[PDB]
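Visitor: Experimental structure and its sequence below.
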Amino acid sequence: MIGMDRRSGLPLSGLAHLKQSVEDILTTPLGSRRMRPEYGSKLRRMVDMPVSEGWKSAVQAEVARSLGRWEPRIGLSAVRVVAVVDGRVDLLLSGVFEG
Amino acid sequence: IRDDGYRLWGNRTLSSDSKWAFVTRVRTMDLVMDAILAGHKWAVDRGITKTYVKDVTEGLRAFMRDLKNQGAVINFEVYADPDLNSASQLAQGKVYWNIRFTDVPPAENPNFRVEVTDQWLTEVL
């Protein structure tokens, strides 16, 4: 499938379109889209919550829901905390490719 | 201090002497002696034998080891006064002992030295 890039307008198809397809899921909140209320992630609700070991398993369980809806060509493997600086947690979104 | 008359807050007596500041040291010195002077209604107007001094200074120790047992004092020493006890003092009924002990200080100031580190942040991975 051939789509266009979000910035700079260039049509990119293979796997750069795959990565921006995921980051339109993860950063859109629910109900922000027009006439598509069941689109996006609850990750903005997980913004600025304390990083516990139940916060990690609630992000894995919510990325898997939101990518399971509107990204069928990605099989999610794991989400892991790899570093912590002040506020900035960072997550290695790893997943196999299907489709 | 706390709500509706919940606590009392004073450890220290009105004392210009720094030794007798706390209420506990003033009470312990006044309430280990009636715990001894009762239990020693004897050893007064009895009659001084040869081992009279020894048989009561082993009875002062026995009535002080139970005070260490119930946590009233920390380690003590009870011994007869060697230089004040003399033959001229026996003729007027005067005999002397040394009941030097110590007491538990009340923890009026528990200090907690505390910071927020970032040491166990690698536990969150």
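Guide: Sure, I can see it. Numbers count the residues shown, from 1 in each chain, chains lettered A, B, ... in the order given.

Visitor: What number of residues are in the vicinity of residue A:97?
Guide: Look at residue A:97: counted by other CB atoms under 10 Å in any protein chain shown, it has 9 neighbours. (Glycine included, C-beta is placed from N, CA and C.)

Visitor: all helices of chain A, in order?
Guide: A:16-27, A:53-70 (DSSP state H).

Visitor: of those, which approaches chain B most closely?
Guide: For the helices of chain A, the distance to chain B is smallest for helix A:53-70, at 7.8 Å, taking CB to the nearest CB.

Visitor: just checking, next helix/strand downstream of the longest helix anywhere in chain B?
Guide: Scanning chain B for the longest helix, with DSSP H as the assignment, gives helix B:52-69. With elements assigned by DSSP states H and E, the helix or strand that comes after helix B:52-69 is strand B:73-74.

Visitor: Now do whichever helix or strand comes after that following strand: distance to the chain's middle.
Guide: Per DSSP H and E, the first helix or strand lying C-terminal to strand B:73-74 is strand B:79-80. Averaging C-alpha positions (CA atoms, centre = their mean, to the nearest Å) puts strand B:79-80 17 Å from its chain's average.

Visitor: on that earlier part again, and the longest helix of chain B, what's buried?
Guide: Along helix B:52-69, these residues count as buried under the neighbour rule (16 or more other CB atoms under 10 Å in any protein chain shown): B:53, B:56, B:57, B:59, B:60, B:64, B:67.

Visitor: Name the nearest of those relative to residue B:29.
Guide: Of all those, residue B:67 has the smallest distance to residue B:29: 12.6 Å, by CB to CB.

Visitor: who's in contact with that closest one?
Guide: Going by CB atoms under 8 Å, 6 or more residues apart in numbering or on different chains, residue B:67 touches B:32, B:35, B:73, B:76.

Visitor: For ChimeraX, write the selection for the buried entries among these.
Guide: Those of the contacts of residue B:67 that count as buried under 16+ other CB under 10 Å are selected in ChimeraX with:
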select /B:32,73,76
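
Visitor: so which pair among the contacts of residue B:67 is furthest apart in space?
Guide: Farthest pair in these (CB to CB) is B:35 and B:76. Separation: 13.1 Å.

Visitor: Reformat the contacts of residue B:67 as CSV; add distance to residue B:114.
Guide: Output for these, formatted as CSV (distance: CB to CB, whole Å):
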residue, distance to residue B:114
B:32, 38
B:35, 41
B:73, 33
B:76, 37
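
Visitor: Pick out whichever of the contacts of residue B:67 sits closest to chain A.
Guide: Using CB to the nearest CB, these come closest to chain A at residue B:73, 49.4 Å.

Visitor: shouldn't the closest one be in contact with residue B:103?
Guide: Yes: Residue B:73 lies in contact with residue B:103 (CB atoms under 8 Å); the separation is 5.8 Å.

Visitor: For residue A:14, see how far away residue B:15 is.
Guide: Residue B:15 sits at a distance of 88 Å from residue A:14 (criterion: CB to CB, to the nearest Å).

Visitor: And the most centrally placed residue in chain B, how far from residue B:45?
Guide: By CA atoms, centre = their mean, chain B has its centre lying nearest to residue B:103, at 4.0 Å. As judged by CB to CB, residue B:103 and residue B:45 stand 31 Å apart.
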